[PDB]
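Chemist: Sequence first, structure after, both from an experimental entry:
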Amino acid sequence: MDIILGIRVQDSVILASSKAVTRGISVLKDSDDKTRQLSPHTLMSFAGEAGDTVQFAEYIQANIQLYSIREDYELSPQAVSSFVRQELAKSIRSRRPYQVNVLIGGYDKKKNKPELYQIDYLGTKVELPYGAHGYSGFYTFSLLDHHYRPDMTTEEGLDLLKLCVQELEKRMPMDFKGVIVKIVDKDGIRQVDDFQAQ
Amino acid sequence: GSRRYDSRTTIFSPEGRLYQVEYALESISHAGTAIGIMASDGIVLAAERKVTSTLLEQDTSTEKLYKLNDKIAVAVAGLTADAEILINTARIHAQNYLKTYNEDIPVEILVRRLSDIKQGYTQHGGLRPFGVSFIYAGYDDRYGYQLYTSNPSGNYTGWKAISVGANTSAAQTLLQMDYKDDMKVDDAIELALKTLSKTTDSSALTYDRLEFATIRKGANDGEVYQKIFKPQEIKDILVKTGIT
Amino acid sequence: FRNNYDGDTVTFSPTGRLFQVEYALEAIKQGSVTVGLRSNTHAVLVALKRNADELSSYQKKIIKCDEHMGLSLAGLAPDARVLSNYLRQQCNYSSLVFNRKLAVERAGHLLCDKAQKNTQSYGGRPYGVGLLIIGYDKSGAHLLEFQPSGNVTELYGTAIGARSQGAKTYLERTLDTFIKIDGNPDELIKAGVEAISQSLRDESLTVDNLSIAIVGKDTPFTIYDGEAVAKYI
Amino acid sequence: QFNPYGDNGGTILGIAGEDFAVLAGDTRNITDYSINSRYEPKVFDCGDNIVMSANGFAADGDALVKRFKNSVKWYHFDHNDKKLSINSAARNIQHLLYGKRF
Amino acid sequence: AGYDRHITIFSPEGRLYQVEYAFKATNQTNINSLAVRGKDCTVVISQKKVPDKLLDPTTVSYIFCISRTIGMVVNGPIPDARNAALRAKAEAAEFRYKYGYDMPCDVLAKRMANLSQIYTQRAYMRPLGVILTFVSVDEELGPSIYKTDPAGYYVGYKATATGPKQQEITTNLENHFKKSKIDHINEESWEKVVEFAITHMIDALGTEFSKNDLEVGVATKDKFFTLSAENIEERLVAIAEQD
Amino acid sequence: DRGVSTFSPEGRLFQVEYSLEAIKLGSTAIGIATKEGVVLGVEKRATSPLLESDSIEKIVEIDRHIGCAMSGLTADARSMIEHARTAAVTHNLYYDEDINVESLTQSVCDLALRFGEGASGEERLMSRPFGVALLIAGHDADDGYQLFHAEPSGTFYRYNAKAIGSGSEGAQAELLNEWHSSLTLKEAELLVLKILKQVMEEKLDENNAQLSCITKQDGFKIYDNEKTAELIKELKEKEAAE
Amino acid sequence: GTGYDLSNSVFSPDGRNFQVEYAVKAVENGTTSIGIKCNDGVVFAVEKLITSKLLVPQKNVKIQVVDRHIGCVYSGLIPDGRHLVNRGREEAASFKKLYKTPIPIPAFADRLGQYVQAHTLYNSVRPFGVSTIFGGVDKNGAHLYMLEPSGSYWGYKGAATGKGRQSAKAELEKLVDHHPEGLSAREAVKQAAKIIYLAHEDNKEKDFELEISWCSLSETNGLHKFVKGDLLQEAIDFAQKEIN
Amino acid sequence: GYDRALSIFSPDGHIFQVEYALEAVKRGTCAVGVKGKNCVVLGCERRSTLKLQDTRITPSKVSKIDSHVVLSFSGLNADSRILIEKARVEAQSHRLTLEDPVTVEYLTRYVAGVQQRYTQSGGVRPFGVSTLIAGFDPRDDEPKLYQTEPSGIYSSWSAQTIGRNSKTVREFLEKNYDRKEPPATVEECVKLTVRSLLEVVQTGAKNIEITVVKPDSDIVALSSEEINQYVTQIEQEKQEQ
Amino acid sequence: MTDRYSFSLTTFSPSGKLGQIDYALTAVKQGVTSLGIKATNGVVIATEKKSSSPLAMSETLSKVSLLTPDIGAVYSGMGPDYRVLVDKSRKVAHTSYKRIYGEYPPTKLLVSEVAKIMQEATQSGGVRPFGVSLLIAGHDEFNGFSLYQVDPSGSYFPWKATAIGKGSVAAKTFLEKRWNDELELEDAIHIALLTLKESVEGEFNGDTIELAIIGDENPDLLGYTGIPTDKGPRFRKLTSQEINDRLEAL
C-alpha cells in the first residue's frame, strides 16, 4: 500500500504521506499529496482503493466545511474524527464500502493539545502518539516504540520521521517516491517543503 | 372532491401574515405563563400551572418543564400534547448529535432544529401548526448559559429574560424594569416569582400552582446541574422570597 | 343551478349532466371546421386551417397515426397531440407485437376508453378536442368521429368545428353520390372540398389555408398542403 | 444454467462505392451443426435509403433491426418527416446498443 | 362550517350526522328481521318482499352464509349489504388461515364493527348504511347473536330485532323473556325455535305470512343454513295447527 | 374552490386565460424573420436607476442556432430555457446533428399543459401554467430562418414577425405594415428598434433595450450595448430624414 | 341544511346518496334496452337511434360480450358502459385463470356489483351513469341480471331500462303471465324485437336500428352470439307486423 | 401527499400568494446594501418590539453562505433559514464538483430558482423573503450585489434596500449614490450605508448593524462602537449647518 | 379512490380554539359517568353499564379493559372510539416496550403512548379527534400506583381521584370531600360506589355497574406455577357478586 504515517509530539501532529501513485507496471505520478484539510486546524491523510480514496476525503472535507460555515465555529479534532468514524462504520455495511484508511491529525485550540487519530475502513478508531496504515506500521511501530518521547519538539518529531522514512526506503519492496510532510499545530497546517533532504 | 374541505393551513393573508400561526399564537396567549431568566451563574425557569384542583396529583405532575438533555430544558406554553411530540423529537436529535460527534449538542443547534420542524408545518403539508411556544434553558462550552424562545412560526431568538403564554406584555415590562446584567441565580429566582406573582390571573400564587427549575454549575464540582424543584422545594422558596 | 354542478368532472347535475364534459365539447364548436367522408376504396379528410395574424401560419389540423390511419382535429391542439400520440403507440404496438395493422374500429374503442377515464375521476379534465379518424384496414375505408365525452361513431361522412352543420347537411344529402366515388381519389377530395366550403362565411379556402389528407386501397395516409391542394381550389 | 445467448452463424459484407453502397449476407441460419434455414434474410431495408444487418445472436439482431426501423418511423413523426441521414442513423444505433451495455 | 354534515367530523354538539343519516338508510328496504337463540341453535327471520314480477324471487335475499358456521342477516340497501358480506367472508377465511380455527361469531362482529368505526373517523370513507346481525352456535359460547351498526357499535343479544318496526318486535320478545325468566327458547329442535320466531313475528307485526313472505336462516353446531320456501311452508303449516 | 384545470362555459381553461393576462403586463419583446436571419429585441424595463440594467437577461441562447426572448413572469422561464437547452444538446448527442427549430419549440410546448392537482393523463406535477410567453428564433437546413411564439396554452404559432408584452397590440399593427418578404437584416434591426421606441414608456437607448439575431453563418448573438447604440443613432437619423 | 347533493358519498338527511340518483337520470335519458330470460338461455336487444343517414348501418355495435358466454347491454352514458365491461372482462379472465372454469353468471354479477357499489363510496369518483342488463348460461342454467348505478342488482325473468322502460316492462310482464312454462330462445328473439319496437314510441321522432344477441344452450351451444341476417329480419318483420 | 395548488393565477393575471409573500417582506426589518469601488457593505435595522435580548446568541441578520459571500434578507425569519441552508449546501457542492467556489451571480441564481419553484409546486406557499446577496467572485476584485424576491426574480444593484420603509431609503440612495464615483473607500461606503438607515431607524446605535465584505473572503462585522462612531460623525454633518 | 384528505381537519380558529377537540370534549360530556380513586395500596376505576336494551347482554360489553396485567382503562364518550383505542394500546405496550425490554411498560409511559395516538388524530390529515376521555389506572415497581386522565387533545394528567362524563362536576365535588391520603383499597371501592350511585338513575347493582381495581398480585389468575418471580396480575375486574356484597354495606 501507500505510506501513511503520523506522529504526535509536544505541541503538534506531523503527517507524512508517500508521493507515488502506481497502477500496474507504472508509477503514474510522484508528487501526489494524499491529504485534505478538513478545517484550519485538522488534517486528514488517506490510503486505500484507487478511486474511493479521494472521493471519501473530499466528501468528508465538504461536510466539515459546511458545518464550519453553518456554525461559524471549528469542530474539535475529536468531534471530526467521530464523524469520520461513523461514516466509515456505515459504509462497511453498505452495498459497496469505502475502502479507505485515514489518519486525522488536529490541534485542539480549546485544549491546546495536538491529537492523532487512526481509523481504518471498518470504522475502527483509536487515538495514538504515533500511527500508520498499511505495511508501514510493521517497521515503524517498533522503531517509534524505541525512539519516541512524549515531550519531543516539532523539530525532534521531524528527525524521528526521517528515521522512519529511511527505514521504509531501506526495507520496503516498493518505491513510494518519498513523502510530503505537514505539521498541524496552534497556528494551522503548514507543509515542510524541504524533506527531500532534511 | 376533497378540495372542498381543505382549510389551507399554509397560506398568506393579503397582508402577508400566516393565519394559522397567528391563531396558534392567540391560543398560546391563554396558556399558563412561563418565565425564563438568565443570570451570570445560572438560569431560572418558572411556570404557572393553568387550572388545578384539590385532587390533582402535583407530585407526579409535569405540564410545563421538561428535560431535553442533561444540559438543556424547556418551559412550555400551549398544547401539552403538541409539546410532547416536539420534546421527544428534540430528545432524539440531541442523542443523534452525541452519537455522531461524541459531544453534547450546542444549545442553538438543538433550538434551530426544533424551530425548523415548526417552520415546515408553516410552508407545506397542509397540516395545522403546533400550538406551542418554548423557552429553552441550556448550557454549552461555547456560549455558556443561554436562553432562547421559539413559537408556532418557527422563529427563535435569544434573551436575558423572557416570558411566554398569558400576560407576557405585563410580564415583560416588569422584567425589563428590574433585570440587571450582573444578577445572580438567586436574584433571578426571586425576580421570576415576583413577576408571575403580579401577572397571575389567580387570587394568590401558591406552590401547588408552580413549576420551578434552575440550571447551575455547582461551584463544588465543576459540571452543570439541572434541578426541577419538587413541590416542597417550591413551597420553601415561596416563603423565603416573601410570598409565603 | 349549473354553477353548482360544473366545478369538476366528478359531479352529476340534478338532471344527470356533466357540465365539464359539455364545456369541453364547447371548445370543439369554437374550433375551425374539418370534414371527413369515405367511399368504398378511399377516405378523405379536408380541414380549414386557422391563422392568428396575417403574419402567422395556419395551424396544422391533420395528424398521421400510421401508414393506414390518420385524423383531423377541432379544438385544443395539445389535446389532439396527446390523443394522436396515444393512437400512434397503439398502432405501433399492434404491428410490433402481432404484426397486424390496427383496425380503425379498435382504434376508436381505445380512444373512447382513454377519454372516458378523464370524466369519472377527480383532478383530471376532459379532453377539449374533437377528432375525425379515417383509415383503410382489413375491412375497407373507414371514418370515425371522436367526441371528448368519449363517444366515437363510424360514419360515411361528417364534419365538426364552427359552422360544421353546413358541410354536414350537404354530405347527408350528397350521400348516395360520394359513397360511390370508388377508384377515383380526386373526385372524393373535390366532393370533400365542396362539403367543407358549405361551412365557409368568413373567406374562401386559399392555398395555404386548405389542408387535405387521404388514405385508401393502395394509398398510404398522406397529407396535402399548399401548392399540393391548389388543383382543388 | 440458462444461457441467454446463442450463435446463428452467417456472414455479412459491406462495401461503399463513390455514389453507391452494398450490404451482403449469406442466407443460411444455423445452430451448432444443423441448418435451421437455407433462406432467412438477414439484411434489411430500413427506409430512408438505409440497409442494415445485425449478425451474431439472431434474436438480438432481429430485436435491434426492429427497434431501429421503429426509430426511423418515429424520427419522421417527431421531426416533420425529415430524412434520417446515415450519420444520424449511426449515432442512433450507438445509443440503442449502448442502452444494453449491461 | 356547514360541512360538518357532509363528512364525519364533529358538530358543535359532538355529533356525527353522517353516521345518523347512515342509520336512516338501514330502513330504506322497509324490511324487518329478528333473531332468537334456541337450546343449541340460533334462528334469524327476515321478511322477504319482492314487488316486481320481472324479478327472480330466488335471487332476492338479505341473509348470507359468511362461513360454514357464521350466518349474517342485513338490514339496509343491498349493495352496501353485499359489500359487507364479501368483506366478512374474506375476513372469516383469513382468520381461519392465520390462526388455525374458525372465526367466532363475536370476533367477526367486533372486526366488522372496528372497520365501521374507521369510516366514522376517516373523512374519505363513508359509513355503510346497514346493520349486521351475526349468528352461529359458537364452539365456546354456544348460540350467538351479535349485531353491528354504522356507529361501530356492537353487542351480544339474547334475542334482537331490526328494521322499521323493530320496537314492536323488541317489546314483544322482551315480554316473553320477562315471563319465561330464561334467556333463550327452551326448545330442543330448531324447527320449533323457527316456529317460535315466526309466531312472535306475526303477533308483533299483526300480519300473516305465506311461504314467500319470509326468509329463514338457521345456525347449529358446525353449520349455518337457510330454509327453502318449502321448508318454511312446512313451518307455517305447523304453527297454523295451533291457532 | 375550483380546479386549476377547469373549463369555462366558453370552452376555455381559466388558468391558461388568466395566464395570458399576466403576459400582457410583461415587457415588450419583438422578433422579425428575414431571409438574412431573425432579429430579437426586448425592452429591459428596469424598475430603478440603481438596478444594473445589463443584469437583465430577457434574451437567451438555446443553442448556437436557436435564440429565445421572453415576456411576462420571467422567473417562470428559467425551467423552460433549461428544458430547451437540454433538448437541443440531447438531440445532438442522439443524432449527431442540430435539432430543428420547430422540434425544439414543440418540445418546450409539451411542458405547457403539464399542470394540475392530479390530472388523469400522466404525472403533471406543476401547480399552475407558466406565466410567460416566448419568442423562439433560429435556423435549420430544412426550413431556414424561423420565428415561433410559444404560449402557456401549449400552442405555438410561426410568425414572419411578432410582438408580445404590454405594447403588443400596438406593435403588432406596426409590424403588419412594415414587414415584407424581402427585408434585410439591417432593416429588421432598425424596425425592431423603431417599434420598441414607440411602445416603450421610457426613451429607448442602448441601456433599456437590447437586440440580438441568429444567422446561419454566426449563429445566435446578443448585440453588445455599443453596437446597438449606433443602430439607435442610425434610426434617429433616418427618421428625422423625413 | 343543503348541498348534500354536491359530493358523491354523502348521505342526505333522509339517508340517500343524491349523486347516485342523478346518475339514474342520465340512465333514464338513454336509449331503451332489454333482456329476456328463456327456457335455456337469454336474449338481449337494444334500440339504436339513427342520428342521421351518415351513420353506417350495423356498424356501431352496442351489445358487448364478456369471456365467451356472457352478454352485456346498457342504457345511459355509453363510455361508462364500456368502462364497466372492460372491468368485467378483467374480472372474468382473473376468475378463469385461478379456477379454470369460466365465471358463473351469479359470480360475475357480484363482480360488477361490488365494482359499481365501490364508485358510491368516495367523493373522488362519480357513480356509473348506466344501468346494465347482462347474463348468460352456466353450469346450472340461464341467468339474467340488471345492475343500477347504486350497485344494486337482482336476477330477472325479464328486464328493461332507458327511455321506454315502462312500455318494455309492461310487455315483459304480459309475457311472464302468458308463459309460466317458459319462452324459447327462438320466441324470445322475436318477442324482444317486438318490445324494442313498441318501446320505441317514447322516441318515435327519430328513426332507429334494431340489435339483438342471445346465448342459448341449444341454439348457440351456450356461447353468446349476435343475431344476424335471416333470423334478424324474421324478427324485425314479426315486430313491424304487430306494430300495426 | 398534499399537493393543493396554492399559488395560482387570478382573473387579472396575478398570483396572490406570491403577492402576499411580498407583503410579508415589506413588514420585515429593513436591509440595505451598497457597493463601493473595492467592497460591498450590508446594513440591517434591529426591531424594538421587545428589548431584553441576548445579542450574543440571537441569530444575526447577515449570513455567510461561503467564506466569500454573504446573504441578508427582509421577511419571515423562519423562511430565511431554509433558503440559507440550501445556499450553503449548494456552495459546498459546487466547490466539490467544479473545484471552485460559486460566483455571486451563480449563488443568487440558485436561491432565486428555489424561490421560483416554491411559486409553482403543489402543497407549498412561496417564501415570504427577499434577499440581498453580496461578495466577490473567486480571484476577482469587482464587487457584487444582487437581490432576489418571492417570485424568483433576481438582478444586480449598485445599491438596493428591501423591507419596511425601503421606499424612503431607496430614494435616499437614488439621490446620494453616484455610479460615476462609487464610495471609493470602505469608510465612506459604510457611511453612505449608515446615513441611508438613519433615514428610517430613528436614532438606533444598537438598532443598526453593519458588515463589510472585501475581496478574497475578507468579511467582518462592525461593533456597536465602530457603528455608533459613524452615527456621531453623521449627526454633526447636520448640526454643522 | 385513495384517501386524498391529506390536510388537517382540526385547525385553529381566530380565537385560538381547536374546534374539533372542543366538540370531541362535548361528546365526552354527554357520555356516561366514570371515575377513578387511588388508595394507598391500590386503585379503583368504575362506570355504569348503561345497557341500550334489556335484550342486550351487558356482560358482552366491557367498558373497563385490561391493557397490561397491571394496567386498566375505563372511559366516557364514544364507546367504539374507546374499543379501537384499547386494541391499539394493548399493542403499543408490546411493540414499543415489552418486545424491547422484556417487561410491560410503567403506567406513565403507556399512558404517554396512548396520549400520542390521540394527539395525532388531532393533527394528521383526514381524521377527526377521538371522542373520548380515558381514566387509566395501574401499578409498576418504581412508581407504585397511579391514575391518569387522557383527553381528546392528547393531554393527560395524574389524579388522586376524579370523574369524567355526564355528572363529573358533581362527582368530583363529592370525591374531594371523601378523599384522603390514607384510604385503603376497600375504602376507595366504597367511596367509588357511593359516588357512582349519585350518577345512576335506575337500578344500581353488580349487574349494572362495572368496576375493577389495581391491587395486590393474583397468583390464582396467573395460569401457571413454578416461577417465583411471577406472582400474577394486579388488575382484577370485580364480579357482580363481589359488587353486591359491598352494596349491602353501602
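Modeler: Alright, I've got the coordinates. Residues are numbered from 1 along each chain as shown, chains lettered A, B, ... in the order given.

Chemist: Can you list the residue ranges for strands in chain I?
Modeler: Taking DSSP state E as the criterion, chain I carries its strands at I:34-39, I:42-48, I:65-68, I:71-77, I:132-140, I:144-150, I:156-158, I:161-164, I:209-214, I:235-237.

Chemist: One more: chain B?
Modeler: Assigned by DSSP E, the strands in chain B fall at B:34-39, B:42-48, B:65-67, B:72-78, B:132-140, B:144-150, B:156-158, B:161-164, B:210-216, B:225-228.

Chemist: need the residues of chain D near chain A, please.
Modeler: Within chain D, no position lies close to chain A (Cβ under 8 Å from any Cβ of the partner chain). Yep, even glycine has a C-beta here, placed from its N, CA and C like the rest.

Chemist: in chain D, which spans are helices?
Modeler: Remark: helices assigned in chain D by DSSP state H are D:58-78, D:86-98.

Chemist: Is the closest residue to residue A:123 other than its chain neighbours in a helix, a strand, or coil?
Modeler: Counting by Cβ to Cβ, 6 or more residues apart in numbering or on different chains, residue A:89 is the residue found nearest to residue A:123 once chain neighbours are left out, at 3.0 Å. The three-state assignment at residue A:89 reads helix, by DSSP: H, G, I helix; E, B strand; the rest coil.

Chemist: can you count the residues close to residue A:89?
Modeler: For residue A:89, the neighbour count with other Cβ atoms under 10 Å in any protein chain shown is 15.

Chemist: Please apply the same query to residue I:127.
Modeler: By other Cβ under 10 Å, neighbour count at residue I:127 equals 23.

Chemist: got a list of what it touches?
Modeler: E:121-123, I:9, I:121 (Cβ atoms under 8 Å, 6 or more residues apart in numbering or on different chains).

Chemist: change it to 6 Å
Modeler: By Cβ atoms under 6 Å, 6 or more residues apart in numbering or on different chains, residue I:127 lies in contact with E:121-122, I:121.

Chemist: ok, of those residues, which one's closest to residue I:27?
Modeler: Of all the contacts of residue I:127, residue I:27 sits closest to residue E:121, with 12.5 Å by Cβ to Cβ.

Chemist: Could you measure from that closest one over to residue G:117?
Modeler: 22 Å (Cβ to Cβ, to the nearest Å).

Chemist: ok, whichever strand or helix holds residue G:136 near chain C or not?
Modeler: Residue G:136 is part of strand G:130-138 when elements are defined by DSSP states H and E. No: using Cβ under 6 Å from any Cβ of the partner chain, strand G:130-138 never reaches chain C; the gap is at least 10.9 Å.

Chemist: Quick check: the residue of chain D nearest chain A.
Modeler: Closest residue of chain D to chain A, Cβ to the nearest Cβ: residue D:102 (16.0 Å).

Chemist: how many other residues sit next to that residue?
Modeler: Residue D:102 has 4 nearby residues by other Cβ under 10 Å.

Chemist: now do residue A:79
Modeler: 19.

Chemist: what's the closest non-adjacent residue to the one residue in chain I that gets nearest to chain D?
Modeler: Nearest residue of chain I to chain D (Cβ to the nearest Cβ) works out as residue I:2 at 34.1 Å. Computed as Cβ to Cβ, 6+ apart, the closest residue to residue I:2 that is not its neighbour in sequence is residue G:124, at 6.9 Å.

Chemist: again with residue D:96
Modeler: residue D:67 (5.8 Å).

Chemist: Does the nearest residue to residue G:38 once chain neighbours are set aside lie in a helix or a strand, and which?
Modeler: The shortest distance from residue G:38 to any non-neighbouring residue, by Cβ to Cβ, 6+ apart, is to residue G:188 (4.2 Å). When secondary structure is defined by DSSP H and E, residue G:188 falls within helix G:185-198.

Chemist: Which residues does that helix contact?
Modeler: Outside helix G:185-198, the residues touching it (Cβ under 6 Å, 6+ apart) are G:34, G:36, G:38, G:41, G:43, G:45, G:47, G:167-168, G:171, G:210, G:212, G:214, G:216, G:219, G:227, G:235-236, G:238-239, G:242-243.

Chemist: tell me the SS of residue F:227?
Modeler: Residue F:227 is classified as helix under three-state DSSP.

Chemist: If residue E:36 is in a bridge, with which residues?
Modeler: Beta-bridge pairing of residue E:36 under DSSP bridges involves residue E:43, residue E:159.

Chemist: Could you check how many residues crowd around it?
Modeler: Using other Cβ under 10 Å, residue E:36 has 29 other residues around it.

Chemist: for it, what are its contacts?
Modeler: By Cβ under 6 Å, 6+ apart, the residues touching residue E:36 are E:43, E:159, E:185, E:197.

Chemist: Relative to residue B:32, how far out is the residue in chain H positioned nearest to chain I?
Modeler: Using Cβ to the nearest Cβ, the single residue of chain H nearest to chain I is residue H:1, 3.7 Å away. Noted for residue H:1: a distance of 35 Å to residue B:32, by Cβ to Cβ.

Chemist: Report whether the helix ranked longest in chain F contacts chain D.
Modeler: The longest helix of chain F (DSSP H) is helix F:78-95. Yes: against chain D, helix F:78-95 shows contacts by Cβ under 6 Å from any Cβ at F:94-95.

Chemist: Just give me the closest of the contacts of residue I:127 to chain H.
Modeler: Of all the contacts of residue I:127, chain H sits closest to residue E:122, with 13.7 Å by Cβ to the nearest Cβ.

Chemist: OK, contacts around that closest one?
Modeler: I:126-127.

Chemist: Do I have it right that residue I:64 meets residue I:211?
Modeler: No: contact criterion Cβ atoms under 6 Å: residue I:64 and residue I:211 do not qualify, at 7.1 Å.

Chemist: follow-up on the earlier one: check which helices and strands the helix or strand that the longest helix of chain F is followed by is in contact with.
Modeler: Once helix F:78-95 ends, the next helix or strand along the chain (criterion: DSSP H and E) is helix F:101-112. The contact analysis (3 or more Cβ pairs under 6 Å, 6 or more residues apart in numbering or on different chains; DSSP states H and E) places helix F:101-112 against helix F:78-95, strand F:132-140, strand F:144-150.

Chemist: Tell me the strands beside the helix or strand just after the shortest one, with direction?
Modeler: What it means is strand F:144-150. Toward the C-terminus, strand F:144-150 is succeeded by strand F:156-158 as the next helix or strand (DSSP H and E). With DSSP bridges as the test, strand F:156-158 is paired with strand F:144-150 (antiparallel).

Chemist: In the strand it pairs with, which residues are buried?
Modeler: By neighbour count on 16 or more other Cβ atoms under 10 Å in any protein chain shown, the buried set for strand F:144-150 is F:145-150.

Chemist: Name the residues that touch it?
Modeler: Counting by Cβ under 6 Å, 6+ apart, residues outside strand F:144-150 touching it are F:31, F:33, F:37-38, F:101, F:105, F:108-109, F:134, F:136-137, F:139, F:156-159, F:162.

Chemist: got the angle for that strand vs helix F:101-112?
Modeler: Strand F:144-150 runs at 10 degrees relative to helix F:101-112, counting by axes from the mean of the first three to the mean of the last three Cα atoms, to 10 degrees.
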